[PDB]
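Each of the two blocks below gives one form of the same protein chain as structure tokens; they are labelled structure 1 and structure 2.
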Structure 1
């Protein structure tokens, strides 16, 4: 699809069989989701945002479907104001910015 930016670009994603709303975020290197349980082991990761750095859990090779497009990659889990889809998965679904 083509998504304009008059409103937040929030889309539906599916992870672990659950539907969730998430923000397509070109300013994010990575994908950060609100607290949830994911399979496997996790490793520590520090991320920096507008308000400073926080510690999150890193889960690799996680299946997630975004607006109908499948992606498998790294998902970070931690205290985030909203579920964020970052460039690591935006590139997997072929997303680009255009003007």
Structure 2
């Protein structure tokens, strides 16, 4: 698509059959999604936040489908206030910033 930033660039993502909406954040290196159950084998990971570090669970190789584009990458699942699609997956779908 072409997305303008006059409003927060939220998009619908499909992961786990579950359908969520997330922020395309060129400033986030990682994807952090709200707590959901992903079939997998996870490894612990601490990520920073306002107020402190929270622990999240790291799932590698998850397939996710951002604005209809299949993408394989790691997602971190955890008590995040907002679902973020960071650069590790913006890459795969071919995002660019253009002006």
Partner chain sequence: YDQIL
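Take the two forms, find the largest set of C-alpha atoms that superpose within 1.5 Å, and that set is the rigid core. Positions refer to the first chain, counted from 1. Only residues modelled in both forms are compared.
The form deposited with its partner chain bound appears here as structure 1. A displacement of 2 angstroms or greater separates the C-alpha positions of residue 54 between structures 1 and 2, with the rigid core held in common.
Aligning the rigid core between structures 1 and 2 leaves the CA of residue 89 offset by 0.4 Å. On a core-based overlay, residue 18 has a Cα shift of 1.4 Å between structures 1 and 2. Here is what shifts between structures 1 and 2 when you lay the two on the core: just one run of at least 3 residues, every Cα off by 2 Å or more, at 46-55.
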